[PDB]
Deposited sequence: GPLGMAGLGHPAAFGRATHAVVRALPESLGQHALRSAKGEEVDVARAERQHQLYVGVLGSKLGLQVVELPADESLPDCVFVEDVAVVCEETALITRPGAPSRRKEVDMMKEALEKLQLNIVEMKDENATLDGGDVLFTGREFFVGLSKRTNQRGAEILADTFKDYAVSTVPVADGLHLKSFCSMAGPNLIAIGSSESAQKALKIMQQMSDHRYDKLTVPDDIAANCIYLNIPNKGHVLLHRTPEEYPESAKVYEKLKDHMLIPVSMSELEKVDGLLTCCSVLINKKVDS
C-alpha cells in the first residue's frame, strides 16, 4: 500500500543555517526566524495534523545543513540505508540519524565505502522500484550500494538541479509529479524508457513545485503536501485537480534559498 508511514524523522535548523548552509546560487538573505516558523509548520503537519510519530532531532550549529535529513538516510520497509553525503562537510549529520533509526528498530546498513557518495535527495522510490540520480552528490558506486542494500527492488540510474528530486517526486500510487524544463523532461524520458511499468505523470510548470510529499493515511486516504499558491500559483492549480487527495499547502520559501524542498526535511518510516 504505497505511501503508508507511521513515523517521521526530522531535525531542527540551526541559527548557522542562514549564513552557512550550502546553496547552488546567490540569492536573497535567509530569514532564519521565518525558516524556523516554516519548518515548525511542516513538522505540525506531519506530526500533529496527520498523526505521524515524529522524532525531532536537535539542531547542531556546526552542521548548518542538518535540517535536510532526507540526504542522510533512505528507508525502505524495515531497512535504513545510512548514506555517505556527497558534500563532505555534511558527513557528520549521519551519526544522529543512525542512532534515531536504531531506536526505531530498523536494520541499519551504513555506506562507509570511501569512494561511494549518495544523497537521499537523488533517490526516488516509486513503490515498485528505485530511480537514482547520478549528480555531483551521488555517484555510480553509491547507487550500487543502494541496489545491494534493497535487494527486493529494481534500481536504475538517471543522469542529473542538485538532485533528481529537485524536479520530481511521487504525488500518488503510480503517479510521478514532474517539472516541465528540458532537464526534468529528459530525466523522466530516461526513467520511463528503463522501466516496463507504466507510470502516470503529473506535470507542473515549476520544477521546484514538482517536489511534494504523498502519504496514504488510514482514515484519511490520499494526502499531498504541496507548495502554496503564493509561491507557485501555476503549479498549485495543477495539484488542485487532485480531487481524491487531501491537499495541504506548505511554504518552504526560506529553505528554498539553500535548495531545500518539501521532501528534504523528513525521512518517512512505516513501522
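- Several segments of the deposited sequence have no coordinates for C-alpha: 1-12, 173-174, 286-289, numbered from the first residue.
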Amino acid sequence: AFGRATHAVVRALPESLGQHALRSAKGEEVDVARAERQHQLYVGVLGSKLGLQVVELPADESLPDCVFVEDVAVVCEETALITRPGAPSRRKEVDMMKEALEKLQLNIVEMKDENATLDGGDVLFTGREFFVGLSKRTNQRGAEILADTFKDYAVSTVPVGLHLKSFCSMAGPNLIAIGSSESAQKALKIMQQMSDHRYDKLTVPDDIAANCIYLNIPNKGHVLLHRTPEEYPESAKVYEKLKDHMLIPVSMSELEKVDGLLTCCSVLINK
From here on, numbers count along this sequence of modelled residues.
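Whichever C-alpha set is largest while still superposing within 1.5 Å between the two forms counts as the rigid core.
- Annotation: of the segments 178-186 and 161-169, 161-169 departs further from this form in 8 other deposited structures of this protein (C-alpha atoms, root mean square over structures and residues, core superposition).
- Larger root-mean-square CA separation from the shown form, computed after a rigid core fit of the structures in 8 other deposited structures of this protein, is seen for 194-202 when 71-79 is set against 194-202.
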